[PDB]
Amino acid sequence: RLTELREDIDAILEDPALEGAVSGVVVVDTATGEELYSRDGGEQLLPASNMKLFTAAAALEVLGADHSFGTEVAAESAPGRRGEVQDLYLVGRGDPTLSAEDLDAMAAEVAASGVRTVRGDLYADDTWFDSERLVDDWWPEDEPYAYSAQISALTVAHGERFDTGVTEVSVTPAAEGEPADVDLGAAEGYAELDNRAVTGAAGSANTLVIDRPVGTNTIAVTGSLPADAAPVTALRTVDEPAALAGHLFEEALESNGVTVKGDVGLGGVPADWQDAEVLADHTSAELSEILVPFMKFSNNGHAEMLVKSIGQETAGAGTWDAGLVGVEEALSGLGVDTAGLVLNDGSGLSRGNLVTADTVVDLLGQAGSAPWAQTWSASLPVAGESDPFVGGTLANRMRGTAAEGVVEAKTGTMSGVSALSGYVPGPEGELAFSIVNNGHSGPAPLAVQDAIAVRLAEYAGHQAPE
Ligand SMILES: *C(=O)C1=CN[C@@H](C(=O)O)C(C)(C)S1
Ligand SMILES: [Co+2]
Ligand SMILES: [Co+2]
Ligand SMILES: [Co+2]
Ligand SMILES: [Co+2]
């Protein structure tokens, strides 16, 4: 039954979509350690978001499944008779799920400590990580988009998916020839708006563009929205995630009857502050739960935040250089041979990253041995599951096949890069596989990856639903 499996994958790999592409494809039985298939498993390839496998495993090793992230509000002394403080610091220590609701709850805590007036200025302290907002080789033209948000220790997560450093931009049409109505979301009052969008005729062509031009904190809206088109939302990044947290916290304070008299900006707690008075704090959920939004939807901000957090744990340095080194050590200490691994980031966004299929499968096997194995494998997208928090980036792939509800796998995708790596459990074998494709010049080779995942599901002992 091995040869038939081998002949089938071979044939799948002949596909025209893989013309001039380099593909690493390795399949292994995790129980018997049997090698089932191996094509170019030592070839170094861009993994895209398959990099998160290495990041998540390292984060579980260094921080632990039980780890949580904190955010504080400090003043130099507690409020007095008159409920006054001077300057106020909002302090982020790497929470990637900190919401506007959580800012409100802390705002209510500030007020309940008996503060009525912030007489000085409000500061947003993100000094727990360094101020390097973006990886060196990330593309400036990708900067307006969510997967490319700036990295900070203090950042507001939008939605149940916890997309960091972004605002939700809405555009609603009016009558033909009148401007579109635009809303900036959280960044109303923080980012600038440049609205040039108009309402087009009903049944005309939608040509709306929402941008944030490079090096600006301006949301620029161009084009035309047809009078009958559905109202639109788009997540766009802001310059300085923490100064947005600052602005939003100013809003939550006032909502909770605390007047801010001064300004809002970035700044770190002074250090001539003798004994800061913590007036509010928040504690995230634990890493094991945070892994879900992070791995299902392949959340880039989360990955980089987790890397800088590794750095802080291992070295007191909230930094890509320290974290990445700690990612390798943790993988090493886990029994992973890291010879083929090149780490330029945690998310896989960077074109500086390199893996091999063997390294991936190596990681996949070594994780199952660890204490945190169940929580790790739970975070992985499940093929063909329509609940986004189950299927993740696999929700609309492999539906109505043997892989539906079985294949647990991480996706990864860029121009000329596509990867699918993970697990296929079954009565006929518990399988680990990695499929990494580079250099294809046509459609994304997802039909090839699916076709292999489905065939593996059949090997593991599952049936197509009918
Ligand atoms: C990994 O390949 C990806 C990361 N998160 C998103 C992004 O746009 O970068 C994805 C679309 C899932 S690709
Ligand atoms: Co810990
Ligand atoms: Co939303
Ligand atoms: Co505002
Ligand atoms: Co089944």
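The figures that follow rest on heavy atoms only: side chains count, while hydrogens, waters and symmetry mates do not. Counting begins at 1 with the first residue of the sequence.
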* Asked: Have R212 and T237 got a donor and an acceptor in their side chains that come within less than 3.5 Å?
  -> yes

* Check whether more than 12 heavy atoms from other residues, nucleotides or ligands sit under 6.0 Å from atom CD of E192, and answer yes or no. => no

* Asked: Do you see a donor-acceptor pair shorter than 3.5 Å between the side chains of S347 and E304?
  -> yes

* To do: Classify the angle between the aromatic ring planes of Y190 and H247 as parallel (below 30°), tilted (30 to 60°) or perpendicular (above 60°).
  => tilted

* Check the pair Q449 / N437 against side-chain hydrogen bond (donor to acceptor under 3.5 Å, both in side chains), numbers first and verdict last. => CA-CA 9 Å; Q449 290 157 182; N437 315 287; 2.8 Å; yes

* Asked: Hey, are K296 and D387 close enough for a salt bridge, meaning a charged N less than 4.0 Å from a carboxylate O?
  -> no

* Got a sec: does the CD of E141 have more than 12 other heavy atoms crowding it under 6.0 Å? -> yes

* To do: Identify the residue among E143, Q150, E240 that makes a side-chain hydrogen bond (donor to acceptor under 3.5 Å, both in side chains) with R133.
  => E240

* Which distance, rounded to the nearest 0.5 Å, do you find between the CG of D29 and the CG of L431? -> 6.0 Å

* **Residue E168 excluded, over 12 heavy atoms near CD under 6.0 Å** => yes

* Would you name the heavy atoms of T338 and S332 that are closest together and state the gap between them? => OG1-OG, 3.8 Å

* To do: Just say parallel, tilted or perpendicular for the rings of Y147 and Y145, cut-offs at 30° and 60°.
  => parallel

* Take atom CD of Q86 as the centre, draw a 6.0 Å sphere, and report whether it contains more than 12 heavy atoms from other residues, nucleotides or ligands. => yes

* To do: Measure up the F162 and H302 rings against each other and bin them: parallel (under 30°), tilted (30 to 60°), perpendicular (over 60°).
  => tilted

* Report the C-alpha separation of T71 and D102 in whole Å, then their side-chain angles, then the decisive distance to 0.1 Å, and conclude whether the side-chain contact (heavy atoms from CB on, under 4.5 Å) test is met. => CA-CA 10 Å; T71 306; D102 297 331; over 6 Å; no

* Asked: When you look at CG of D137, are more than 12 heavy atoms from neighbouring residues, nucleotides or ligands closer to it than 6.0 Å?
  -> yes

